[PDB]
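A single chain, nothing else alongside it, follows as structure tokens in the form deposited in one PDB entry.
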């Protein structure tokens, strides 16, 4: 319901010594599901707090629709006037308050009567399917129920924007799938603009329609998840969005050489970094007669693993320590020599310089 325009936003700490965010530019569309991915310390929470209005840009401006909300160290529209709901990385339900009281809390000074408060809480409780446990204390609720109460609390003032800072971190795995689905269902039910942050890529493919990657305070790439996956601007972005094999080779007239392997791509530097995802590699004991796979050379199996019902096969080129891993329904014993094939249009190459 609200468009977020981030114009040249920077944020410093330690009197300037630490640049948490450096000239960030992004336009998040109204009603969009937007994700931010980046390593620990990249500036995700700092970004979220600036959007929430809990902090301000040191330089630059922030607009909600055409409304200036912060500018160069000044808060123009305070958090309480921004129509935002948040579930922060270290969110906590008040242990001594029931679910009702936890959800009602944000309404205490909103000039609404007891009846108006009850009606609003029950309404959002129904949306989150926890209307039946409103009288329970948080310790009496399941993990899923707790997450629902936290969401209801963030949605009780009818916000236009919902901010989630690493929401599915306190989850095991079965719960994560469920929690991700819930976030999507309630974003649909209310139409809110949604910003979610994480150092975990699974949440991004699950929830986000567009994603921004933050590295050391810099927004290095923005695009649809599949765009970042297939066309990463760097090997670092490549690895953040998904598994990838990273190899360093010498640039040659014929291609990039890594031991006995030769990849048919080129850059400019004398050295190159090759990125190849596991699904874009295939191993074989004989030549593959398929124009969709390209032979890059011989390899030797180093070790095999077994996870997720699949075998993880790790090989190295002849005369190299560089590893390449892939997944297969069938195993190949260590020490066996194999032909290594790749999807050519899927080879990612970057300068080492």
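Throughout, rigid core stands for the largest set of C-alpha atoms superposing within 1.5 Å between the two forms. Residues that one form lacks are left out of the comparison. Residue numbers count along the first chain shown, from 1.
There is another form of this protein, the form deposited in another entry, and it is not shown here; the text below is about that form.
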Comparing forms between the shown form and the other one after core superposition, the one residue of 233, 202, 182, 171 displaced by 2 Å or more at CA: 171
Shift in CA distance, residue 170 and residue 155, in that other deposited form relative to the form shown here, given it is 3 Å or more: farther
Displacement runs between the shown form and the other one, C-alpha, 2 Å or more, three or more consecutive residues, core aligned: 170-174, 305-310
